[PDB]
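Protein chains in written order, with UniProt numbering: chain A, 11 to 672; chain B, 10 to 673.
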Amino acid sequence: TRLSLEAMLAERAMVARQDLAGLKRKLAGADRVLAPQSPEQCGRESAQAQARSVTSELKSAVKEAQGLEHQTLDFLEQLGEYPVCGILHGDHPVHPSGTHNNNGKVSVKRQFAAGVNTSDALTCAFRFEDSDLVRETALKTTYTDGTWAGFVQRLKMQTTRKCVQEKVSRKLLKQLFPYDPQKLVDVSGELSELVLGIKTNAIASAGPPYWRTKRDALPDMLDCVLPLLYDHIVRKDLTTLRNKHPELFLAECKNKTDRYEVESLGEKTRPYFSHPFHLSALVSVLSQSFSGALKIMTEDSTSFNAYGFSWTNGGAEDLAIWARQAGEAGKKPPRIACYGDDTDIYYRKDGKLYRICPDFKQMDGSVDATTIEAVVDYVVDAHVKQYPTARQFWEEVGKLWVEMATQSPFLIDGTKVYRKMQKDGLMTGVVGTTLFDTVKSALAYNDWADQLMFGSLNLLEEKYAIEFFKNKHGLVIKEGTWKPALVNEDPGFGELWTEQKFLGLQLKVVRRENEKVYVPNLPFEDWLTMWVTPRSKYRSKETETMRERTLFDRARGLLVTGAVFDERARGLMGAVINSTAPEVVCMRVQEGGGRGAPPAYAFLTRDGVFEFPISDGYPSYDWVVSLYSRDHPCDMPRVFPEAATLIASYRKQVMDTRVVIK
Amino acid sequence: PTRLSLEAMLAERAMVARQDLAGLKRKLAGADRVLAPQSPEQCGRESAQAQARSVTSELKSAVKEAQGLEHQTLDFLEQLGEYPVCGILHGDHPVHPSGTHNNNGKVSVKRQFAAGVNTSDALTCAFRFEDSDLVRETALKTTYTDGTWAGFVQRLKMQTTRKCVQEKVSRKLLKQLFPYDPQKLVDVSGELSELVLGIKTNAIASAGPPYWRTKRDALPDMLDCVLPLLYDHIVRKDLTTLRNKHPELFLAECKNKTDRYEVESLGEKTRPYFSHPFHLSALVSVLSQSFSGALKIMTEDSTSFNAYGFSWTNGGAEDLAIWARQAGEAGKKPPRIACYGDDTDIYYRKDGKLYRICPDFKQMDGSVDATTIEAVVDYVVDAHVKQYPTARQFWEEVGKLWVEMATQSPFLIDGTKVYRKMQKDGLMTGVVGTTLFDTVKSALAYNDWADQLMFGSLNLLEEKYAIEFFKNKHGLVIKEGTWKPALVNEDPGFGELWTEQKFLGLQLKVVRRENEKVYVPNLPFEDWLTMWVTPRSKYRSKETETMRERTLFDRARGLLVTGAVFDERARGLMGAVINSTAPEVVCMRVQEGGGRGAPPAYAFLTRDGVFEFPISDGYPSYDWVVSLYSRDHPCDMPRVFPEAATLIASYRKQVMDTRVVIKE
Ligand SMILES: Nc1ncnc2c1ncn2[C@@H]1O[C@H](COP(=O)(O)OP(=O)(O)OP(=O)(O)O)[C@@H](O)[C@H]1O
Ligand SMILES: [Mg+2]
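#1: Please classify B:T508: is it buried, with 16 or more other beta-carbons within 10 angstroms of its beta-carbon, or exposed?
#2: For a cutoff of 8 Å on Cβ pairs, would you count A:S198 as touching chain D?
#3: Are the beta-carbon atoms of A:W411 and A:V542 separated by less than 8 Å?
#4: When burial is assigned at 16 or more other CB atoms within 10 Å of the CB, is A:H110 buried or exposed?
#5: What number of angstroms, rounded off, separates the C-alpha of B:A339 from the C-alpha of B:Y356?
#6: Might you give, ordered along the chain, the residues of its own chain that have their beta carbon closer than 8 Å to the beta carbon of B:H642, omitting 5 neighbours on each side?
#7: Could you tell me which of B:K341, B:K362, B:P368 sits nearest to B:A347, measuring between CA atoms?
#8: So, at 7 Å on beta carbons, what are the nonlocal neighbours of A:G465 in its own chain, with the 5 sequence-adjacent residues on each side left out?
#9: Between the beta-carbon of B:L289 and the beta-carbon of B:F259, is there less than 8 Å?
#10: Can you name the residues that DSSP bridges to B:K264?
#11: Using a Cβ-Cβ distance cut-off of 8 Å, determine whether B:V390 contacts chain A.
#12: Could you name each continuous alpha helix (DSSP H) segment of 4 residues or more that falls completely within the stretch 435-503 of chain A, going from the start of the chain to the end?
#13: Any idea which residues DSSP pairs A:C348 with across the strands?
#14: Determine, using beta carbons only, whether A:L304 and A:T169 come nearer to each other than 8 Å.
#15: Using only CA atoms, which one of B:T154, B:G100, B:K119 lies nearest to B:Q76?
#16: Taking the continuous beta strand (DSSP E) assigned at B:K430, which residues delimit it?
#17: Any heavy atom of ligand 1 within a distance shorter than 7 Å of the CB on B:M307?
#18: Anything in chain A within Cβ reach of B:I208, meaning under 8 Å, just list it in chain order.
#19: Three or more C-beta pairs closer than 8 Å, one from the stretch 157-172 of chain A and one from the stretch 274-281 of chain A: is that the case here?
#20: When the cut-off is 8 Å and only beta carbons count, does A:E413 lie next to chain B?
#21: How is the beta strand (DSSP E) around A:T147 delimited, first residue to last?
#22: Would a check of beta-carbon distances place A:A20 closer than 8 Å to chain B?
#23: Per DSSP, B:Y153 forms a beta bridge with which residues?
#24: Is A:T223 helix, strand or coil by DSSP?
#25: Helix, strand or coil: how does DSSP classify B:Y638 here?
#26: Please give the ranges of any alpha helix (DSSP H) in the stretch 550-628 of chain A, keeping only runs that are unbroken, at least 4 residues long and fully inside the region.
#27: Just to confirm the assignment, what range does the alpha helix (DSSP H) spanning A:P237 have?
#28: Tell me whether the beta-carbon of A:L149 lies closer than 8 Å to the beta-carbon of A:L68.
#29: Is it right to say A:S70 is buried, meaning 16 or more other beta carbons lie within 10 angstroms of its own, or is it exposed?
#30: What first and last residue would you give for the alpha helix (DSSP H) that runs through A:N253?
#31: Please go through the same chain and pick out, in chain order, the residues whose beta-carbon is closer than 8 Å to the beta-carbon of A:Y660, but skip the five residues on each side of it.
#32: Distance, Cα to Cα, A:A610 vs A:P398?
#33: Quick check on A:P530: buried or exposed, where buried means 16 or more other Cβ atoms within 10 Å of its Cβ?
#34: In three-state DSSP terms, what is B:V25?
#35: Assuming A:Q60 contacts A:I208 (C-beta within less than 8 Å), just tell me the rounded distance between them.
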């Protein structure tokens, strides 16, 4: 209890940042740097209220659409009813005694709740922008559980599909998807440590049989089910397990609470699968290690791979350089990119550079079996060529990988266990749902590019490419995508690469001193829609303190994502930031890691993990640019410049001890 | 925080599950537990409750009766009229809170005497394990209370108005009796603002006037506000304006020390001490802590009379012995004298036999003279401004203030009236140096005493004669029946005591390892009981059910390291508490330095000043406590629950190798 006086200062400092009622006292009367701000349109009451008109309509529209009838589930093979597990971990069974199972058989509910998605997020928009424009973009999209009609229909999409088995040589994958053999991990190591080193979400579902969050399910998975899964892989005794504890191989096909468009949610509600934690984990050893060793577009000029691309630190400009080296169609190779279903294609006609950023309709249901089997092989094989001692174990793991991605039993609603009738079609949500879409896409655009050399330049048109992709590759292209755009390869300041978007973002050049910096950008509607529609349903218990903070965090993220480069966008968020109280800026917050909340857009860094220098700092224009530029990220300008001085409430007044005294 | 490694997720679970006692109960429920030697319990709930509730009442009702008495008026203190309030502001608030004292116009302060005793839970266990009618009595002789008003005044009067004797104290004499390592003094010349920061003090203690709040609440309002105002006015040597404009800056608070008083003398004994202003108390402590850490003790220099720095742990208990066992024959060659303030350890030989004197002084603070205090300050000040005079005249001014604080700082007691000590003899207890000021006056007096023996004055070895020499030549009282030289077992056997005498509140004992004897502290069970039964903490209103059973553990775990394990009877009572404490409350996330459980009450284990355990769920075994007081390594602290590490995270690593072949 006896401290040094410099410690007691550090004591109060790290403590005072948590006393809000005291934080205002100190901070309320202090200088503050104000971001560029769109001026206030209506009063408080007018704004909060209009956000409840838009909200109520959206709900009553979703509610009305949640009353439609879902289609039958004949298109799925039925395995009958899987019984309850089954295995205990000392005190408790791994499948909690009370949690959902219809006494004897496993079962689950079906979230389709409408539909309140905050309301302050839109409120801030009404206050600082035109109520007529705010309202329309706020009726454009909505984030909800979806509808039963749109769920089954979109499920029947990626189930009934007719896929084309991509003829793929293992050397072709070495061509299209190069990798540094060293950045893979020694998979010959003992299994325990290798699974622990796996990065996965902590709050997501652990799947069967746990039916609890992956953290509250980790010790049961790790110490109980993992060895019991291991010891059955070693002697191919998985079929014994699959009958005594069949839940260990069960999945859950769920509707993704996601930001959907309003007039298309009686049709479109995307389904995803959740495999068991032990299955999801063990497989993730390979998919994560390989994805880390994967080279991308910029590094290797022979790669069609984008899975691992980021914008910041020249990355946004690396896309440009890699794009312009594309060749005149029919004579020299083009430059195609593949991050899952999203693709960036660059070809040249009559010298000029053209860009297409097309989309595939429900592309997950299009991935053929032999593609999946090859990828799984290619990954497993690439591992056991450098770390060869475990040559047959990871094979058995790889064989399991394919089952999960193709023929894995899953629950949808009630006790009934369903399964895809055909080996084709990818079960979205399966460990590796990013490379499978990538590979199928790349192989499709590889053959397409190969077709161009044969003088068949007709495939540069939409009408023809649609047929070619459909009949020869089973892949299907959105009508109205294949729209070649003249690219300004060397744009000027404020000028754009193209109008199109890769990874949901336009490219843009902005000014740095004399230099120009290639940065991501969006039209105001796209920035505004994202703001109004937040990927989090209202917590209710959440405090008036925390959402005022969450808005500040989200407002910061979008500016980093490129909202700063669009004036109408930058102004709104800058207002939101400047709207935010002093205490909810310098409060010690609890997100990775006290440095505020990171931007949701996961392509800013390799890691997906982008993290701010500080909690009490806003992204200024010249800072955000400093990110995407090659060189240093600049000073992150503190909202309250000398805040450290007033929380400690100590202004170092230096006093020497050498003074001559009167 | 969303995506992270499973390696880090277990880290989350582990660090978190330790905060869920509902789970630690479920996990730590039926686990493997290491047990301590335990006293066969003799009672329990209800059967031991009233046993303590009755004692708790009869204590209070005797304290309340003792708190209800007259208090001889304060005529012995000069009265200074009344001091106005500050005054000085600091942004949105003063340095003197709007609500707290005064009452009106100018400063006051309320001296409270609760009734108002310690908790009973700690006593309940003593009734739950130990001899009832013994604990019924030993709990009644001592208690931790605010004290009584007569006991407060009488002893205040006793130390403010005692005829002291100024000491012959040449500064070169102080170099002998108090040698210091000149290099290890803090470079007092480097800047004041940063120099003050490196000062250690109790963060929960009162900061004194004009703050009237804890040192944590008053730290900022001192350093960027008051201290410059103090510095400014010092360097101009116009401190004499800061007097009359803001007099509460030099005002102290004379409060009664709440500690362990014996119930008989409650009506005539309650220790007073002066809470000094934080800025004053801080600035001075620059020279104290620098010199306290640069001082030398028994075990180092042989000439030194100083103990202020001695610690038992790591050979210290034996380092005391070897220093003692070269005290010569009385009258022919120098003895061995040991001064830690008002606690002294004298060794001398009489016809070859080694003898030990452990006497005490009666209110020794009030016996400390002016010239001693004046020459100690001068000694500590000049020791700094010679290695680093590059700051000579500033700290000399600081020195004169140090003198003022320890001598005639005006102070409040009760109500509004500011008093002040009539004479300039008598030390103001609670000042920064009370531990060195006492030490010097002790050493200065015993030096003369030792010098007298070399005149054939061996008569002073007897108590009847030693009493007068200290009262008529140093004004230093010695309690009646303490000066009793006991023959010393110079080489104690295993379990055999050095002497039965008491230095620094502890006996010196010798215990066993394998093959070597280890010198350790010790106390009889009656003393370990009193220390247990009387916690220096009153109930603390709102503190939960659970937080106490961790406290009883952390206390019991503390006495054992102090030396409660080396006594057989005491080792049983503590183990009984450790064994009875809950599984969860052993391994749970505890909040004391630095998560490694609570420290022990004793301050002289390692000094330094900070002794803390390796772990939070550790049990202080016999074989581990000895490992401290021996010169060897500290053993790994035995876990009460060895497998709790894995039992908490519910993961025991199963080796599953991937190189194995796949067959059938
Ligand atoms: N547990 C302990 N922790 C710290 N110091 C201790 C402990 N036990 C003894 N001491 C030291 O030993 C000394 C014991 O002297 P003690 O206070 O008993 O004299 P006293 O008779 O109470 O004098 P007074 O007349 O002032 O009441 C203390 O001053 C203290 O410095
Ligand atoms: Mg404050």
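Idealized CB from N, CA, C, for every residue including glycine.
If we stick to the structure as given:
#1: buried
#2: Although the question refers to chain D, the structure presented lacks it and instead comprises the protein chains A and B.
#3: Not a contact, by the Cβ cut-off of 8 Å.
#4: By the Cβ-count criterion, A:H110 is exposed, with fewer than 16 other Cβ atoms from all chains shown falling within 10 Å of its own Cβ.
#5: Straight-line Cα distance between these residues: approximately 10 Å.
#6: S636
#7: B:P368
#8: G340
#9: yes
#10: B:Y282
#11: no
#12: Considered as a whole, the stretch 435-503 of chain A harbours 445-462, 472-483 as its complete alpha helix (DSSP H) runs of no fewer than 4 residues, in chain order.
#13: A:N315, A:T353
#14: no
#15: B:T154
#16: 427-430
#17: no
#18: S14, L15
#19: Output reads yes: the stretch 274-281 of chain A touches the stretch 157-172 of chain A.
#20: no
#21: Note, A:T147: premise wrong, no beta strand (DSSP E); alpha helix (DSSP H) at 141-147.
#22: Chain B contact via Cβ: absent.
#23: B:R269
#24: strand
#25: helix
#26: 554-568, 577-589, 593-596
#27: 236-243
#28: yes
#29: So A:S70 counts as exposed.
#30: 248-254
#31: Counting only Cβ-Cβ distances below 8 Å, and skipping sequence neighbours, we find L19.
#32: 39 Å
#33: buried
#34: Note: B:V25 maps to helix in three-state DSSP.
#35: No, A:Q60 and A:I208 are not in contact; Cβ-Cβ is about 46 Å, not under 8 Å.
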